[PDB]
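Contents: one structure, followed by commentary.
Virtual Cβ from ideal backbone geometry, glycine too; neighbours counted across all protein chains shown. Bear in mind these aren't lab numbers, they're just calculated from the coordinates by the rules spelled out.
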Number of protein chains: 2
Amino acid sequence: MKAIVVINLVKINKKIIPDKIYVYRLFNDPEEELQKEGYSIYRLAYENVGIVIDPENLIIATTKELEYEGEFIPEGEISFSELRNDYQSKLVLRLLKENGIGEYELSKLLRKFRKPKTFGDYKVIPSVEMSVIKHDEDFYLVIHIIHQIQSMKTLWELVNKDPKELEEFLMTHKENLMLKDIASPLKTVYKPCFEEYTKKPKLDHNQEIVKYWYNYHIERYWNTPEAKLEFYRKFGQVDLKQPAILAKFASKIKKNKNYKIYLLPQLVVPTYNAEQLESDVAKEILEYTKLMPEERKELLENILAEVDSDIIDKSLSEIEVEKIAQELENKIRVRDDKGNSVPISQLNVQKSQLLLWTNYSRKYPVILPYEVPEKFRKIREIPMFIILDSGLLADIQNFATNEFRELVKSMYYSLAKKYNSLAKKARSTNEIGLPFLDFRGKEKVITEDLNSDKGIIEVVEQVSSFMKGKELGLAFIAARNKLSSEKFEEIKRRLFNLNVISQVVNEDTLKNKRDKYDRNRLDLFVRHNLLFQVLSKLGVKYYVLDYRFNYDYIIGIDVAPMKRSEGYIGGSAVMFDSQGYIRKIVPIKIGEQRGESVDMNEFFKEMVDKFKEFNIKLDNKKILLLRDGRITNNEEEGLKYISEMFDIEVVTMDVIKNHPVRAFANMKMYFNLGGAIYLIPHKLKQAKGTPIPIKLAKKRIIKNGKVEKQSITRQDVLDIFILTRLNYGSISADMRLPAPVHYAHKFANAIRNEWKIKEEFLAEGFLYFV
Amino acid sequence: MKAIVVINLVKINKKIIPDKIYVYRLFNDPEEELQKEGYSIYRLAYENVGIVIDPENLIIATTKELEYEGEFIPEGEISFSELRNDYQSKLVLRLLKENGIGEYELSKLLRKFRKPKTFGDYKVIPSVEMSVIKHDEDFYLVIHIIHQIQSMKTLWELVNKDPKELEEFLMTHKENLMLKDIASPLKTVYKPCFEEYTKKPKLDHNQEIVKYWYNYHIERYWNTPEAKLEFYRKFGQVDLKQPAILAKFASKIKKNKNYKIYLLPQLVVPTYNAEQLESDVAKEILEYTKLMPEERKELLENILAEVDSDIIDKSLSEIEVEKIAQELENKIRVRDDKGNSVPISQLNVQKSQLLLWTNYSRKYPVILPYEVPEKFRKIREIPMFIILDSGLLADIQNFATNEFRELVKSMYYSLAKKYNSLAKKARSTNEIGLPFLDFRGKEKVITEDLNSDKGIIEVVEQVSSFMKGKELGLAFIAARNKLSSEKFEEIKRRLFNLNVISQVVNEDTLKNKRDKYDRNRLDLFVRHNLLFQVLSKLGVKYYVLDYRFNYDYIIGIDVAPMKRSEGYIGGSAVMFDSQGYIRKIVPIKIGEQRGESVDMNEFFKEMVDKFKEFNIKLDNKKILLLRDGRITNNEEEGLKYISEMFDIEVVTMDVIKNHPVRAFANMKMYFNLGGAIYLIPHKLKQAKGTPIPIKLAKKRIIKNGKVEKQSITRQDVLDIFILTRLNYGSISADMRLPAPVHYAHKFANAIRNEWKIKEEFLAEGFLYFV
DNA sequence: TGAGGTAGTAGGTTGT
DNA sequence: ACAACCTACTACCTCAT
DNA sequence: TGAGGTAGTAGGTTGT
DNA sequence: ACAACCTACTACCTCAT
DNA sequence: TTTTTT
DNA sequence: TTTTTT
Ligand SMILES: [Mg+2]
Ligand SMILES: [Mg+2]
Ligand SMILES: [Mg+2]
Ligand SMILES: [Mg+2]
Ligand SMILES: [Mg+2]
Ligand SMILES: [Mg+2]
């Protein structure tokens, strides 16, 4: 099918294209030839109305003649047609500013129809973001409406000038509080310092220090007789009862991490966080930053109407989109009562209703898991523990215990008996069957304070003592609402170290997610999701795709920052076929690295010993590589080297999720724009908000040490959309990313927290990190 | 016993002690109140004849009145007696320079009796290093004679100006070559850039670039008409046939690692490395930097004789040392023919002659291993592989194969049969016994190019295919001389991943270490060492100490850098007793960190689940903690927190191996100086050189959250000396560091290369990283 | 990389 | 010219009867 | 931390 | 005012007959 | 509802 | 000397 939709793009008149472009080459960084801190090769090319076409060799392209006080050589001339499309778009975007078409102007135009509002102590201000895209031979401007939230009160006029209140404020927001200094014209963000173990802030009470810093702020920046008037009006006199906060830089470009700083809690403001604000106010600050497609369309049309210039057009652009058929969603292969491989279509049911029979067994068909792991043939008995945070009230603890026990016995055991016996065990003897989750007897319910080291030590000691001689166990943790991080991660890591798979539920769910009719029971949605997630963590694949993929492997790659270091960690997820029609999932860990660039040589070496069929078994094996972000130049250069030796053919694509392009409709679709493909694979069930598409770009084929660029066809889009529909963490899931990228992200995040179990469950689809 | 020895210390006249010391406090870094190049708080205190007594708060102590162009406050006055001993010593050292007693003067005085020599293209220059120590109430100056090696030829006049020769030089020293720019007055060191995979340098041939850089060097630094004369005399004209080398900073303080640099191979020199120089010249450059104790004594006495000043004395100092008895070395507990526990004393044999019977069995007693791992009760079968680098000649390959097979069968199997049968298997049935190392049949000898990725892949494939269904194997690798790093480590890591323990021998050993009588056999020393190391890697402890230690555990801690990251890795080694008389070794991995400071909270949490007896079983457990280096303030602060909860008592000591203090004698001894203990535990078997002592300092006791400083007694020194004599990597070993620190270093280095086997052999004494 | 020792080259962290 | 210390790498030299 | 979506705050790497 | 993307964290809102 | 089933 | 011993 097809349709016509309106997108937030406006055409650009061709008269803006420059006639003559000069090219210059520098010999040294402008920051060193001269001495002006902050000056870079990009600022020099910006001030001359130009772009940087070679950052390594310092080669820039300019419209005017270069006005530089250093050393350079002119490399000649160039025409607009000899630049690449990206640089053409960047140059056109730069030229749009010289005609008054800038973000500073369009934001002011927008703020005539949407006014900056004030909620509590914060202000929300609309703004726009502008980009340029070359579709075929015409340039289009992309305008995206965003909001910014700022604080109108300093840290002094927030705690009512009581130092103790400042102490509570600093201590209760220890993890994620940052202070921005507004008295400076750089607006640098700092982080407060805290004492180890004992917590508590690090204040210093000394009048001389505060006097020196206040006078330094006056003298260094506002060094005119006039400016001191607004300095005294904005912040007042030199308050002396205010302590000084120990703080460090939030960034690291300056480096030299011995730079102590003293912050006066009178010239700084908190940045923004809804955790430090009342719920009734956070509800209305939100729902103002989210706009329906119609509101965006009317606002953009008004902005275009109130622009007086020939350069840009007066109406938004319309594009032709290709709709996605409904039949594509219903392409999964579940297994029925007997043990067949019936499509889910021929049961008059949808994927969401997959465990409705376990509570009724009279109105909905009985549906059984498609795949069960191999180690469950020998493993038939699994201990289960219930851990409860002592910070909850007794009624909540009893409710959580009862809910966990009922979930295990009433819901899981029915499936465990209908699968193991009714459909399997042909004559008193079968091999693969669902295990048994004990929870039997006392001393398996642990009630310790999970927010302290002593409680965690006691919990670990108890579980380890009970776990002697065993190899796989399950745990249900009922945690409090305010459980700090580095304690959640610690609990999960120390439980994984004993080969115990854990599932955590927080207090707010146990108190506000009660059922519709029976208000003394957990909601059906939550219970079904919990059972599905536990089954997926135990290695059971409840359904598989009915699609037939043309490749032999599908690999997703992602990179995550380290916890306490300056480095990065790579992670990947690999899906095999062995016929095309059925897939498995195995996570692969790539080593540490210095930047966001995966060493493709070490990845394939690690992907050879973890295999049996090799990458060159008998003939050429085709590999599909989806990259979260973009394929860097080093990754592409290192793929030709692998293709030279291993004799494989790689097809690489880039998946992007943060782009300013929007389509003003609510349906699953895709369209081709600027050489890339924008795909909306999901539908929004909430009233307020606009769906964010997925950008597929830069498809290329590498073989025999050669790279050939290609264009994305319809089959690739259909394959990506099909891979989108494979989620093992939620039955009623409508996600955006494809499965390999989605699970590579989670595996990288798990490695960041050093969550490893046995290295042998990973090979058979155990997904503890899901 | 006792003796009197001469140490390189000279007394200092008390008249130098200052009368009045001023104290000042700054408000901001002098690099920011003003704008200089590298001005710091330490340079400011140096130029005012003073020290920095508080770096965090910027509090400095000065002798003169402070002359500063910024903001500061005087904190009052202080007397010399109120400073700590370290700051008193630093102040006295600073005051020694104002009287002409500096390194620049004493080095010039020394260079009258030792002249700077020239070997090949390098120059060796003597110099001195000076320190100050306060022993009881008098200050002593420590003078240490060192040498410096510099290059008198640029990179241009080293390759005879042939660009191809320059390419060969750059490619053959790719790993460890650095270039220092001598045309600059900062003498900054750079590292050349190379192309990935394909290797080869990164040169740029362009006359304009070389002209610009040469003129920039002339203009920026030597900006006087006179200086250009020596610039033209030193380096010559602007040579134009010289390419430009791509290079980056060797350091990282500047950061911003996109700042490429172009180096002219005419203004830079190699720094120094004996790998790039002829062997006959490297032999004579060495043996000139090493001095016997007598030469050092005469040189220092001459230096003191030719000093005209009252400030320092005219003769070296004499100290009273306590000798170490011979009986202490012979305190190991080996096990005899029957299987008893006789001390090695009652056999008329020494530790080195521990396997002389396996070749004679008629002149020396038969000696059996004390301990054998528990996993060998079930394991009775071990595959053995022989891997040979294809870069060796055929005769060397055959010799290596024959030597490995003979080592396994003639030497090991005799022990394996005398232990398993003659002494064990009382009635046809025993449990613990030595396994069998196959090398059975062909297809267990692998000959592939180990310097390339293809050869490593093939080797891994073959070993993994043969290793199917097994759990422990052994490998002997015969590698070439020039085997580059990152290939050795890769081979070891990929072999460990298959649970194969490897031992590597290089080509130079197989060609020059032939036996005395039979020149077609490997030397006895090398063969015995190889067998001992293999046995230790397999978990067999051939001997244990006869000492009785007063503590329950001994823990050694070390920190190592990361390979591709900016971070650090902690490692530790723990020795248990369970009675005080016997010891086991278990390595413990501490997590990643940002600096050289181990998180003591996470270490003890990891040391609880890896235990069974806990740190608080029934009563107080004493822990001894030896730190490689020094205990940082954060580590000490985090130990009181642990002592508060876990109810343990920790005794911490600092072990230092790089200090300028020397004793002019050759015997095992120790003495007390400046509050620290200097211990010489080994004897030098080479003619040239002086033994380097071990500095034990800063003993302290932590319990109930309280820290009490203590003094090192004789029992602590005896314990450290006894722990020194426990090495499992060499039978004829006389090392310096204690065993826990020595093995913590190796475990940290192994973690740096990610060498992990199964996490279950680690807990029971396997030492694959030794 | 037989392993330990004594010699060099370069760089980093801590201090409190 | 900020002291003390760590780390990585390279080279020779000696070991038991 | 039921899991996914849409909204904010801050920071980093790549380009070639 | 260097684009164009990634990461970490926080908050609400909706889900299957 | 602090289990079954064999 | 590209093994035993059971
Ligand atoms: Mg990414
Ligand atoms: Mg990700
Ligand atoms: Mg989860
Ligand atoms: Mg260390
Ligand atoms: Mg070490
Ligand atoms: Mg070794």
Let's test the formula: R0 of 56 Å, r as the Cβ-Cβ distance of residue B:131 and residue A:427. What FRET efficiency results, to the nearest 0.05? 0.05
For region A:547-764, the Cα-Cα pair-distance distribution in 10 Å bins from 0, as whole percents, is 7, 32, 37, 19, 4, 0
Length added when fully stretched, residue B:618-residue B:206, from 0.36 nm per residue minus Cα-Cα: 140.6 nm
What length, rounded to one decimal in nm, is gained on full extension from residue B:273 through to residue B:152, with 0.36 nm per residue of separation minus their alpha-carbon distance? 42.2 nm
Radius of gyration and Dmax over the Cα atoms of chain A, both given in Å: 30.1, 98
Distribution of pairwise C-alpha distances over region B:91-224, 10 Å bins, in %: 9, 25, 26, 21, 14, 5, 1
Between residue A:610 and residue A:99, the two model label points (7 Å from Cα along the beta-carbon direction) sit apart by a distance in nm of 5.2
Residues of region A:182-200 with amide nitrogen under 16 Å from the 7 Å Cα-to-Cβ point of residue A:486? A:191-200
Label geometry 7 Å along the beta-carbon vector: residue B:193 inter-copy distances in nm: 3.8
Cα-based Rg / Dmax (Å) for region B:1-149: 19.0, 61
So for chain B: antiparallel DSSP bridges make up what percent, rounded to the nearest 5? 75
Relative compactness, region A:379-537, computed as alpha-carbon Rg over 2.2 N^0.38 Å: 1.09
Among A:127, B:341, what is the fewest-to-most ranking by other Cβ atoms within 10 Å? B:341, A:127
What is the sum of charges, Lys and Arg at +1 and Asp and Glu at -1, for the other residues whose Cβ falls under 12 Å from the Cβ of residue B:207? -1
Compactness index (Cα Rg / 2.2 N^0.38 Å), region B:425-504: 1.34
Distances from residue B:249 to the same position in the other copies: list them in nm, one decimal, shortest first, using label points 7 Å from Cα along Cα→Cβ. 1.3
Of B:417/B:454; B:257/B:283; B:698/B:746, which ones are farther than 29 Å apart at the Cα? B:417/B:454; B:257/B:283
Residue order, fewest to most beta carbons within 10 Å, for B:389, A:181: A:181, B:389
How high is the relative contact order of region B:547-764? Use alpha-carbon pairs under 8 Å, at least six apart in sequence, and give a whole percent. 23
Given a Förster distance of 56 angstrom, what is the FRET efficiency for residue A:393 paired with residue A:238, based on the Cβ-Cβ distance and rounded to 0.05? 0.70
Can you work out D for the protein assembly as shown in µm² s⁻¹ from Stokes-Einstein, where Rh is the Kirkwood radius over C-alpha pairs, the temperature is 25 °C and the viscosity is 0.890 mPa s? 64
Take region B:156-266, drop everything but the C-alpha atoms, weight them equally and run the Debye formula without solvent; then report log10 I(q)/I(0) at 0.11, 0.13, 0.17, 0.20 Å⁻¹ to two decimals. -0.37, -0.53, -0.90, -1.22
How much length, in nm to one decimal, is gained on full extension between residue B:760 and residue B:80, taken as 0.36 nm per residue of separation minus their Cα-Cα distance? 239.1 nm
Largest to smallest principal axis extent of the C-alpha atoms in region B:178-331, angstrom: 71, 50, 37
Put in order of increasing Cβ neighbours within 10 Å, starting from the fewest, B:180, B:706, B:563 give B:706, B:563, B:180
Just to confirm the numbers: residue A:233, label point 7 angstrom along the Cα-Cβ line, distances to the other copies in nm, shortest first? 6.8
How much of the DSSP beta bridge set in region A:547-764 is antiparallel, as a percent to the nearest 5? 75
Residue B:191 versus residue B:14, label points 7 Å from Cα toward the beta carbon: distance in nm? 5.3
Counting DSSP beta bridges in the protein assembly as shown, what percent are antiparallel, to the nearest 5? 75
Axis-nearest residue of A (beta carbon) for the A-onto-B rotation, whole Å: A:566, 2
Using alpha-carbon pairs under 8 Å, 6+ residues apart, how would you state the relative contact order of chain B in percent? 12
Can you work out the Karplus-derived ³J(HN,Hα) for every residue in region B:53-66? Use 6.51 cos²θ - 1.76 cosθ + 1.60 with θ = phi - 60°, whole Hz, and x for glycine or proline. 9, 8, x, 6, 8, 6, 10, 10, 10, 9, 8, 7, 7, 6
Given only helices, namely DSSP H runs of n ≥ 4 each adding -39500 (n - 2.57), what is the per-residue ellipticity at 222 nm of chain B, to the nearest 500 deg cm²/dmol? -7500 deg cm²/dmol
